[PDB]
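Peer 1: Quick one: structure below, then a few questions.
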Amino acid sequence: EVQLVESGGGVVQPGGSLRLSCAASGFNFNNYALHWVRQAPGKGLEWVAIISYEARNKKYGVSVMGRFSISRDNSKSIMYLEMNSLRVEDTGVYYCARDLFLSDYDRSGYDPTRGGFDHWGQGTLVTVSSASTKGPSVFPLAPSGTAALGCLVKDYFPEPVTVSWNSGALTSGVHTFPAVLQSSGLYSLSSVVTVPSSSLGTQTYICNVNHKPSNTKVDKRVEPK
Amino acid sequence: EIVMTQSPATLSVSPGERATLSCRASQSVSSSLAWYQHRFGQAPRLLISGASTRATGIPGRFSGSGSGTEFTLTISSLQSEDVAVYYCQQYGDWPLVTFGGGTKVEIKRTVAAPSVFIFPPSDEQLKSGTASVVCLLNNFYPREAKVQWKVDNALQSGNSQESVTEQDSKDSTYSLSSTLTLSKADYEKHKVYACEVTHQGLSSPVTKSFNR
Amino acid sequence: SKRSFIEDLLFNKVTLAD
């Protein structure tokens with residue numbers, strides 16, 4: 001029933017600005033400190049900022065101090081994170097979270113053992129980059145009693161792409177790898193599947209790639225050369 | 001201000017056995033300590049606050065203990081749905097809360113050497129002016145593996161990238177893909193492309209190669 | 001209000017007793 005819904009993520013150029021929103025429902029918003037927490041690719045959770053229940057006190061992580069500004073509207077139950085002077089290293093997933101600390105104060109007073117972030121938003125992806133939107137090229141990874149084949153989904157921006165095989169009828173043996181950020185600033189992703197080599201003459205194999213940000217769908221059939 | 005240090009970095013536990021995670025605070029946090037589960041592709045989930053109080057809906061096989069500067073999270077009867085990164089977080093210093101660096105919990109299984117496959121660049125990609133050579137290490141365990149690229153016996157450095165799947169929940173293995181990026185021109189100047197794989201389940205390195 | 005006072009103390013690293 002408690003719900004935190006985030007919005008406002010997207011692509012921004014280095015030096016640009018972005019405002020994230022956390023819409024709360026199902027609890028007395030005005031009773032809780034709220035925080036922002038982020039996760040950069042391959043790294044652990046990093047605390048970003050806190051705002052007290054009545055918006056009087058705010059603190060910021062050292063990495064974002066002087067650039068980010070946290071605020072809350074205690075009449076529509078929405079928290080905001082204003083991000084200015086964004087850097088490539090600000091890229092990541094951003095979560096809002098509800099803090100239990102001191103929230104039971106009226107009923108039970110000051111108990112510093114009560115705490116923890118008991119509810120989190122779903123996360124919003126922030127991409128800071130000078131790249132421009134581009135759909136991928138899909139290249140086959142041709143097979144040479146188990147054969148492996150796949151597709152190379154190269155040079156797209158921003159995340160994410162989805163990949164299925166035979167429109168979703170083929171899931172056993174599929175591995176779709178995490179994308180990598182290439183030195184060009186474009187992403188690359190591979191998806192592979194292992195199959196019995198016998199099927200190579202018998203069974204058709206097609207990867208279906210969809211890149212929403214560029215409205216690109218590609219279907220690449222993969223066959224021995 | 002208060003630094004939280006988790007260990008081990010990766011914890012491997014047999015299905016149905018018990019996972020013990022450790023967290024150390026650089027100074028006392030009394031019992032103002034919380035633990036979180038972070039499953040891949042989901043938001044973090046509170047497990048424990050106050051060092052040992054289970055959060056609502058958290059099953060009793062999760063428990064925590066400790067005060068001052070040493071803490072433990074115990075997960076009994078480990079299940080594949082428990083595979084995740086686990087974080088501790090102190091709030092003794094509230095509002096200056098801080099997270100540990102995270103402990104990855106994985107299912108332990110028998111060692112499995114990778115099946116290795118190499119893929120030349122496609123005819124289609126060559127027209128574009130770039131060439132990508134792909135090496136696949138499939139269904140291996142544990143996660144640690146090394147890939148070395150060789151082009152005409154010359155060891156490549158700095159022109160490859162790799163990434164690794166999450167642990168497969170059915171067979172508890174990992175897969176890894178390494179991509180060597182060359183210009184079409186350089187690709188066409190060389191003959192033998194080889195991927196050399198080192199893994200603890202192989203008594204000696206495995207090499208897959210092709211002539212362009 | 002008492003809550004806000006306590007929080008002002010904690011945001012400013014004031015040591016509370018016992």
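Following the order of the structure tokens, first chain is A, next is B, and so on, with residues numbered from 1 inside each chain and ligands from 1 in the order they appear.
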With a cut-off of 7 Å and counting only C-alpha atoms, select all residues of chain B in contact with chain A and give the selection as a list in words.
Peer 2: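 Only these qualify: residues 31, 32, 34, 43, 44, 46, 49, 50, 98, 101, 102, 119, 122, 124, 125, 163, 164 and 165 of chain B.
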Peer 1: From a DSSP calculation on the backbone, collect every residue of segment 8-169 of chain B in helix (DSSP H, G or I) and output the set as a ChimeraX atom specification.
Peer 2: /B:80-82,123-127
Peer 1: May I have the residues within 9 Å of residue 163 of chain A as a compact mmCIF listing (two decimals) with N, CA and C atoms, in the first residue's frame, using only C-alpha atoms and disregarding those fewer than 6 positions away in the same chain?
Peer 2:
# COMPACT_ATOMS: atom_id res chain seq x y z
N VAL A 153 24.48 -6.67 -30.82
CA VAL A 153 23.67 -5.47 -30.93
C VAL A 153 24.59 -4.30 -30.63
N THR A 176 21.58 -13.27 -22.49
CA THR A 176 21.69 -11.91 -23.00
C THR A 176 22.56 -11.11 -22.03
N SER A 191 23.79 -11.16 -27.32
CA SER A 191 22.89 -12.20 -26.85
C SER A 191 23.27 -13.47 -27.59
N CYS A 207 16.89 -13.46 -33.82
CA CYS A 207 16.90 -12.60 -32.65
C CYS A 207 16.08 -11.36 -32.95
N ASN A 208 15.24 -10.98 -32.00
CA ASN A 208 14.38 -9.81 -32.14
C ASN A 208 14.87 -8.72 -31.19
N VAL A 209 15.32 -7.61 -31.77
CA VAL A 209 15.93 -6.52 -31.01
C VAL A 209 15.00 -5.32 -31.08
N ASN A 210 14.76 -4.69 -29.93
CA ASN A 210 13.89 -3.52 -29.86
C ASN A 210 14.57 -2.45 -29.02
Peer 1: With a distance threshold of 10 Å and counting only C-alpha atoms, extract the residues of chain C near chain B and express them as a PDB file with N, CA and C atoms, in the first residue's frame.
Peer 2:
ATOM      1  N   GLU C   7      16.159  16.854  15.874  1.00  0.00           N
ATOM      2  CA  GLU C   7      16.782  16.691  14.569  1.00  0.00           C
ATOM      3  C   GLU C   7      17.794  17.803  14.289  1.00  0.00           C
ATOM      4  N   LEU C  10      20.933  16.612  15.865  1.00  0.00           N
ATOM      5  CA  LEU C  10      21.605  15.529  15.158  1.00  0.00           C
ATOM      6  C   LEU C  10      22.229  16.012  13.852  1.00  0.00           C
ATOM      7  N   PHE C  11      21.517  16.850  13.093  1.00  0.00           N
ATOM      8  CA  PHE C  11      22.105  17.439  11.890  1.00  0.00           C
ATOM      9  C   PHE C  11      23.331  18.294  12.193  1.00  0.00           C
ATOM     10  N   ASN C  12      23.588  18.615  13.460  1.00  0.00           N
ATOM     11  CA  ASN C  12      24.723  19.454  13.823  1.00  0.00           C
ATOM     12  C   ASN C  12      25.668  18.746  14.763  1.00  0.00           C
ATOM     13  N   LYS C  13      25.595  17.419  14.802  1.00  0.00           N
ATOM     14  CA  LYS C  13      26.604  16.612  15.464  1.00  0.00           C
ATOM     15  C   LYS C  13      26.692  16.929  16.951  1.00  0.00           C
TER      16      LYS C  13
END
Peer 1: Need to verify the contact set: residue 69 of chain B, 9 Å, only C-alpha atoms, exclusion of same-chain residues closer than 3 positions in sequence. Can you return it as a PyMOL selection string?
Peer 2: chain B and resi 23-31+66
Peer 1: Quick one: residues within 6 Å of residue 156 of chain A, only C-alpha atoms counted, chain neighbours fewer than 6 positions away excluded, as a PyMOL selection string?
Peer 2: chain A and resi 134-136+186-187
Peer 1: As an exercise, work out the distance from atom CA of residue 20 of chain B to atom CA of residue 76 of chain B in Å and give it to one decimal place.
Peer 2: 8.7 Å
Peer 1: Hey, can you check how far atom CA of residue 105 of chain A sits from atom CA of residue 63 of chain B?
Peer 2: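 Answer for the atom CA of residue 105 of chain A to atom CA of residue 63 of chain B separation: 25.7 Å.
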Peer 1: Just the number, please: distance in Å from atom CA of residue 150 of chain B to atom CA of residue 195 of chain B, one decimal.
Peer 2: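 Going from atom CA of residue 150 of chain B over to atom CA of residue 195 of chain B covers 6.4 Å.
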Peer 1: Smallest atom-to-atom distance to residue 6 of chain C: which of A:22, A:54, A:110, A:71, using only C-alpha atoms?
Peer 2: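 Counting only C-alpha atoms, the residue closest to residue 6 of chain C is A:110.
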Peer 1: DSSP on the backbone: what in segment 7-112 of chain A comes out strand (DSSP E), as a VMD selection string?
Peer 2: chain A and resid 7 10 to 12 18 to 25 34 to 39 45 to 51 58 to 60 68 to 73 78 to 83 92 to 99
Peer 1: Could you write those residues out with C-alpha atoms, as a compact mmCIF listing (two decimals), in the first residue's frame?
Peer 2:
# COMPACT_ATOMS: atom_id res chain seq x y z
CA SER A 7 9.93 9.94 -12.66
CA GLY A 10 16.48 10.57 -18.95
CA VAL A 11 19.42 11.64 -21.09
CA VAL A 12 21.17 14.93 -20.36
CA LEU A 18 17.56 17.41 -14.55
CA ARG A 19 14.74 17.23 -12.00
CA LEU A 20 13.71 13.91 -10.46
CA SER A 21 10.36 13.38 -8.74
CA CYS A 22 9.24 10.87 -6.13
CA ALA A 23 5.43 10.72 -5.85
CA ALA A 24 4.34 9.09 -2.58
CA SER A 25 1.04 7.50 -1.63
CA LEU A 34 13.14 10.89 2.71
CA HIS A 35 16.44 10.21 0.94
CA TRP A 36 17.82 9.79 -2.56
CA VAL A 37 20.20 6.88 -3.19
CA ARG A 38 21.92 6.03 -6.46
CA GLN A 39 23.78 3.18 -8.11
CA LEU A 45 24.57 1.89 -3.51
CA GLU A 46 25.66 5.48 -2.84
CA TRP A 47 23.75 7.83 -0.54
CA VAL A 48 22.88 11.12 -2.27
CA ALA A 49 20.83 13.33 0.06
CA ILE A 50 18.30 13.51 2.90
CA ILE A 51 15.48 15.96 3.64
CA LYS A 58 19.01 18.86 4.31
CA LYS A 59 22.33 17.11 3.76
CA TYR A 60 24.15 15.97 0.62
CA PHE A 68 22.10 18.99 -6.28
CA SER A 69 19.17 20.46 -4.42
CA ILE A 70 16.58 18.39 -2.56
CA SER A 71 13.10 19.67 -1.73
CA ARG A 72 9.62 18.41 -0.90
CA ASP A 73 6.04 19.55 -1.41
CA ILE A 78 6.14 14.67 -3.69
CA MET A 79 9.90 14.86 -3.20
CA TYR A 80 12.24 16.41 -5.77
CA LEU A 81 15.94 16.20 -6.56
CA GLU A 82 17.20 19.07 -8.72
CA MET A 83 20.51 18.08 -10.36
CA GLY A 92 23.13 5.63 -12.73
CA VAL A 93 19.82 4.50 -11.31
CA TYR A 94 18.35 6.89 -8.72
CA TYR A 95 16.03 5.65 -5.94
CA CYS A 96 13.99 7.53 -3.40
CA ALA A 97 13.47 5.89 -0.06
CA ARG A 98 11.40 6.37 3.08
CA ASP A 99 13.40 6.60 6.33
